[PDB]
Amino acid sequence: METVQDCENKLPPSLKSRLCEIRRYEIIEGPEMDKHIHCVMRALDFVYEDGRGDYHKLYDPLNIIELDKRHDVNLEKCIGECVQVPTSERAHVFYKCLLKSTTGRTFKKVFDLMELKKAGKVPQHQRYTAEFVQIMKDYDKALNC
C-alpha cells in the first residue's frame, strides 16, 4: 500500500524540481523516471511486479469512460512493446506507449480517478465529472502545481 505520494516523496532532487511536468503526464526520459513510473504504476495497480501492463486493470475502466474498440488495440500494442524492453524500463514504456495512443485521453482520466480513489479523496464509484476535474486541480494546487 505504497501510494503515488510515497513515490513522489522519494524522487531524487533533479525530478522533484520537475514534479508539475510529471503530473501533467509530460514525458521525461531516464532510469530515474523509469523507476518512479514503475513505483506509481504499481501504486495505482496498473502493472504486474515486473512492470508489464495489466490488460484487465484498464480495459473495463477505459471502456466505461469512453466506449471504444481502440482501447483493446492500444492495450495489446503497448503491452507488446513493454514486454520487449528490460524490466527496469517496462512500466514506463507501457505508460509512455498508452499516452501516445488514442487511449491516452481516457487513460489520464482513469489514472486521475484511481490516484484520488486510492488517496481516499473521492468515493470508489466516482466518475469523471466537472466536480472531479476541479477536485484534481485543487489537489495539484496544494502540491504547488
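Residue indices: 1-based, along the sequence shown.
Checklist entry - When the C-alpha temperature factors are averaged for each of 15 to 23 and 117 to 125, which stretch ends up with the higher value in the entry? => result Comparing 15 to 23 with 117 to 125, the higher average CA B-factor belongs to 15 to 23.
Item to check | Higher-scoring stretch by recorded Cα B factor average, 40 to 48 or 55 to 63 | outcome: Higher mean C-alpha B-factor: 40 to 48.
Checklist entry - At the C-alpha atoms, which of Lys77, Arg70, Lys35, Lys108 reaches the highest B-factor in this entry? => result Comparing C-alpha B-factors across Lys77, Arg70, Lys35, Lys108, the top value belongs to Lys35.
Next on the checklist: Please say which third, lowest, middle or highest, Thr87 falls into when its CA temperature factor is compared across its chain.
Outcome noted: Its C-alpha B-factor, which the entry lists for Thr87, ranks in the highest third among residues of this chain.
Checklist entry - C-alpha B factor of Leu98, ranked within the chain: lowest, middle or highest third? => result Its C-alpha B-factor belongs to the middle third of this chain's values.
Item to check | Ranked C-alpha temperature factor of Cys7 among modelled chain residues, by third | outcome: Ranked within chain, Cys7 CA B lands in the highest tercile.
Checklist entry - Comparing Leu143 with the other modelled residues of its chain, is its CA B-factor in the lowest, middle or highest third? => result Its C-alpha B-factor, which the entry lists for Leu143, ranks in the middle third among residues of this chain.
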